[PDB]
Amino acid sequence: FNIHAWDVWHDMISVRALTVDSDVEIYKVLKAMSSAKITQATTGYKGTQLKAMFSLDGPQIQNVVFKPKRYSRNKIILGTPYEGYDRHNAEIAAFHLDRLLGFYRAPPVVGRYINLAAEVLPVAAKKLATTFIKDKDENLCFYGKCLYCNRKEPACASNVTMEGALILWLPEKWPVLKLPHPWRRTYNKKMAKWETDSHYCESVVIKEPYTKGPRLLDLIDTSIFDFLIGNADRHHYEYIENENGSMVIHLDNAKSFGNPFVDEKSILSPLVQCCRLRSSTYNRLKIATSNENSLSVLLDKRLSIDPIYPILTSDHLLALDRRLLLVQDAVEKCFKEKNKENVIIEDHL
């Protein structure tokens, strides 16, 4: 009667779902991530943020991405909509919100207290180990090898116990392709075209893969998801693809939950400028606003099972409820300027 969790993970993925509704199958995978022994550790691909790559033990080896804690739970991030380090607790909260809203497009994420001295250093590749230092309080830290990584901006533990989030790596059978987001930001003081031209969506639905198929409706789904969590940093979106279709996946959601008082409505630009919305998601949104329990109350009950809970402060939770109403206003405004029959699109996905 033995099934290993990494096998559950491999057989769980279809082209239009990364995770499933079954709490038994998902908790089984999460429990493995939370307790598997680390056999190898290195820096990873490249990226622009500080991360580590862990190889978890098993019949087959399963890689995860380690994003360490870099802020207090109640840090307020100010500046550009994409300011700050990657919030490790945002990756956890975004994963459970992904399932709570019925997207199921985010890989599993679990929090974990890592003993850097016992678990990481004995198996760390030289590329990663040479970046371990101590701070003025003799805590074990590492600053990593990346683009913005340097000796003066390390991630630091408590003594040797470092808190972070593990993100499950997709199997090789599901390669991840990446394309620039039509509504990407400029990342300088200029303005992107979608910030000056309110008819910008007309320009996008001309070129593939936005003229037909599910791509454009995916980006509108993800823009609603990104707006709720405050993720304004999806400049390149990523998707999986086989013979049966494609799907934009919610990967790297860590630049979220930076400020619980600001609502960057510019993230909703795909929705507000295109005024299209997949029907199945619209139905799930009306269930979230009609449920007796608010969206934040339901999300925290799922968050309460993670080892490093609390995941979000009350402010960020209440932000979700307020932003959900701001989404409903955006969609209802589309219903006025066009018509509900021309905004709600049923593609059976």
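Counting begins at 1, following the sequence as shown.
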**Request:** Compare the mean C-alpha B-factor of 211 to 219 with that of 167 to 175 as given in the PDB entry, and name the stretch with the higher value.
**Result:** 211 to 219
**Request:** Check the entry's C-alpha temperature factors for 259 to 267 and 193 to 201, then say which stretch has the higher mean.
**Result:** 193 to 201
**Asked** Which third of the chain holds residue 74 when residues are ordered by C-alpha B factor: lowest, middle or highest?
**Response** lowest
**Prompt:** Considering only modelled residues of the same chain, in which third does the CA B-factor of residue 44 rank: lowest, middle or highest?
**Reply:** highest
**Prompt:** How does residue 22 rank on Cα B-factor within its chain, lowest, middle or highest third?
**Reply:** middle
**Message:** Per the entry's values, where does residue 303 land by CA temperature factor relative to the rest of its chain, in the lowest, middle or highest third?
**Reply:** lowest
**Request:** Can you work out whether the C-alpha temperature factor of residue 64 puts it in the lowest, middle or highest third of the chain?
**Result:** lowest
